[PDB]
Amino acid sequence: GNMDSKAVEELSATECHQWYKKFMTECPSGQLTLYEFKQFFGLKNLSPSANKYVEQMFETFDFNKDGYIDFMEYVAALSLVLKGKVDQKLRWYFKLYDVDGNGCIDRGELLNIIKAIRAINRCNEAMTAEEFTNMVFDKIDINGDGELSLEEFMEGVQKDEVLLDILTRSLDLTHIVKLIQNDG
């Protein structure tokens, strides 16, 4: 919103408590609607594209899809966005991709979330979201059943530097802001 890359880096390393204390003090209801989310993070009056991205990001973190990001979804979201353990983030990204929570990531689920968080904008060269998705399965869906187990995910993404970056760093705070002020 209103800060440079160096500022975003410092925030990325800012303690959870600082983020939580500010949220709970400003949102006593323990919830944020999308509008309040924009106000809180200084994300309003963005271009149509950036605004759209902000909306889908909000929806992505709105785990129970009730239209609000509550105190639990807030810290879970920050656990992925802020600096943390790559080892721990692998499982949390998997859970995010597993839309229906059946313990497996199917082609459709991966495609939807990948588009939502614009992960392919991180790539480098021509790569459609549908193309990148089919590539992921072609490369890490070992038994070719159309589903990614946690095992296949962790194993495959850790053996491919490209998959690791695009699939588990798309929500880094610095990458999000860099993505925002770049759509308008």
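Numbers follow the displayed sequence, beginning with 1.
### Query
So 15 to 23 or 160 to 168, which one's hotter by mean CA B-factor in the entry?
Going by the record's values, the stretch with the higher mean is 160 to 168.
### Message
Tell me which stretch, 83 to 91 or 109 to 117, has the higher mean Cα B-factor listed in the entry.
### Response
Going by the record's values, the stretch with the higher mean is 83 to 91.
### Query
Out of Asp141, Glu130, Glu55, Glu36, which residue has the highest Cα temperature factor in the PDB record?
Highest C-alpha B-factor among the listed options: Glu130.
#### Entry: C-alpha B-factor winner, where the candidates are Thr60, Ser49, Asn64, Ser149
Reading the PDB entry, the winner on C-alpha B-factor is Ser49.
### Query
Lowest, middle or highest third: where is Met3 by C-alpha B factor in its chain?
Middle third - that is where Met3 ends up once the chain's C-alpha B-factors are sorted.
### Query
Comparing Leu43 with the other modelled residues of its chain, is its CA B-factor in the lowest, middle or highest third?
According to the entry, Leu43 has a C-alpha B-factor in the chain's middle third.
### Message
How does the C-alpha B factor of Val136 compare with the rest of the chain: lowest, middle or highest third?
### Response
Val136: CA B-factor falls in the middle third of its chain.
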